[PDB]
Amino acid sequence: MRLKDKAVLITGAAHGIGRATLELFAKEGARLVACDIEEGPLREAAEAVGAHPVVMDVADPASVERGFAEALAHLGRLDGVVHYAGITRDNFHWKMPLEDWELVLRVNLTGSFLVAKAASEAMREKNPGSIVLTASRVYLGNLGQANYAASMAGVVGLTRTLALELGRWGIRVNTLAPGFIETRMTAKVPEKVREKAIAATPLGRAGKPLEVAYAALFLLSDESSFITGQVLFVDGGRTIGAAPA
């Protein structure tokens, strides 16, 4: 087991990637705290794997704070954190309402800052550790996603800065950049659009949440002890070359 007795907290743990990550980490022997917005599915997901459920709204500074206090009270320490909690509000920029722009930045960018800052305080000067922040292949720009791309590009920048500041404290910070992963949130994607995303993917298929989880496992485990400030794309090569269409 790669996370034997490691205390890890995971956000957005109730669905898709967060869920698959919670399961993989549990099999790897981690002492977990599952966080998400909705208590109902949070408890179900957490119980199915033996983790401790803690409702958290990564968008609410107070919520993130209370959550980490509970997690620390329950775990006693923090060895790593994988942050997922993210949303989208697609629209070409000229039809994008300010409210939609500010909501995704608040949730994805500031939310990552709040969770990361909390993760840092729980570890800095206490023990070495590893923080994994999730951005997206889209941070490089993508049609109809100026807000998503800006917020996730911001997360990459945050990661590199945090990595610079925490390095001497044995704390690593890296960011995942998944591509088109099949989850409940992508079920709505139209078939003519799916055919198009897959065509721009050298590996010719959609990704599976377990695959993102493994990337997370690697970054959080001691096997990546000499890797920090990095952006790991898990998009099947979707970003090697630019996607037309």
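Numbers follow the displayed sequence, beginning with 1.
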As the entry reports it, the stretch among 94-102 and 154-162 with higher mean C-alpha B factor is 94-102
Stretch exceeding the other in mean C-alpha B-factor - 47-55, 181-189: 181-189
Which is it among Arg172, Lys117, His83, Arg77: the one with the largest CA B-factor in the entry? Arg77
Deposited CA B-factor, highest of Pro41, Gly29, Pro209, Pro202: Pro41
The third of the chain into which the C-alpha temperature factor of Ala34 falls is the lowest
Lowest, middle or highest third of the chain for the C-alpha temperature factor of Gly12? middle
When the deposited Cα B-factors of this chain's modelled residues are ordered and cut into thirds, is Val64 in the lowest, the middle or the highest one? highest
Please place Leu140 in the lowest, middle or highest third of its chain by C-alpha B factor as given in the entry. middle
Assert third(CA B-factor, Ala197) within chain per record equals highest
